[PDB]
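When the letters of the sequence shown are read in order and numbered with the authors' numbering, they come out as residues 2046 to 2140.
Okay, so here's the structure we're looking at.
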Amino acid sequence: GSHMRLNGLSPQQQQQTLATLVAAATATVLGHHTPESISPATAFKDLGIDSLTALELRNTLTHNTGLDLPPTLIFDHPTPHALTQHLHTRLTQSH
């Protein structure tokens, strides 16, 4: 399918999955490549996100999740954690 239909896994299992996604996404988006060096409690701002990459990240996430998201994600829900919650919602909410 063209969606992150990752249902079947427990909520947290799914989260950490997409958490790693989000992390690897900005790891790539910032250019430091490591998703393990991504602090969820730190805000993407402090992590190095620019307005462009706040959009580029959204680009990667919306691509990976297979959904459609605003380039204001990072601004409305700023932190790897904030997005881990948003993206987890998006994928599980399919109505």
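Cβ coordinates follow ideal geometry from the N, Cα and C atoms, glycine included.
Restricting to Cα atoms, I'd like to know which of the options is closest to residue i.
i	options	result
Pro-2085	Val-2067, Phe-2120, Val-2074	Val-2067
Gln-2138	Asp-2121, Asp-2113, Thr-2065, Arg-2103	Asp-2113
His-2048	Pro-2125, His-2126, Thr-2105, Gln-2130	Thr-2105
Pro-2125	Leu-2054, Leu-2092, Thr-2073	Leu-2092
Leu-2075	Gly-2111, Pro-2115, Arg-2103	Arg-2103
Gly-2111	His-2077, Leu-2136, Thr-2079	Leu-2136
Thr-2079	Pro-2115, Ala-2069, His-2131	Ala-2069
Would you mind sorting residue i into buried or exposed? The rule is 16 or more other CB atoms within 10 Å of its CB.
i	result
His-2133	buried
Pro-2056	exposed
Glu-2101	buried
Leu-2054	exposed
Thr-2071	buried
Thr-2117	exposed
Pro-2123	buried
Can you tell me which of the three DSSP states residue i falls into?
i	result
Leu-2054	strand
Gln-2130	helix
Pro-2125	helix
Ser-2084	coil
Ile-2119	helix
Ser-2096	helix
Q: Specify whether the segment 2092–2101 and the segment 2052–2066 touch according to this definition: at least 3 beta carbon pairs, one from each stretch, less than 8 Å apart.
A: no
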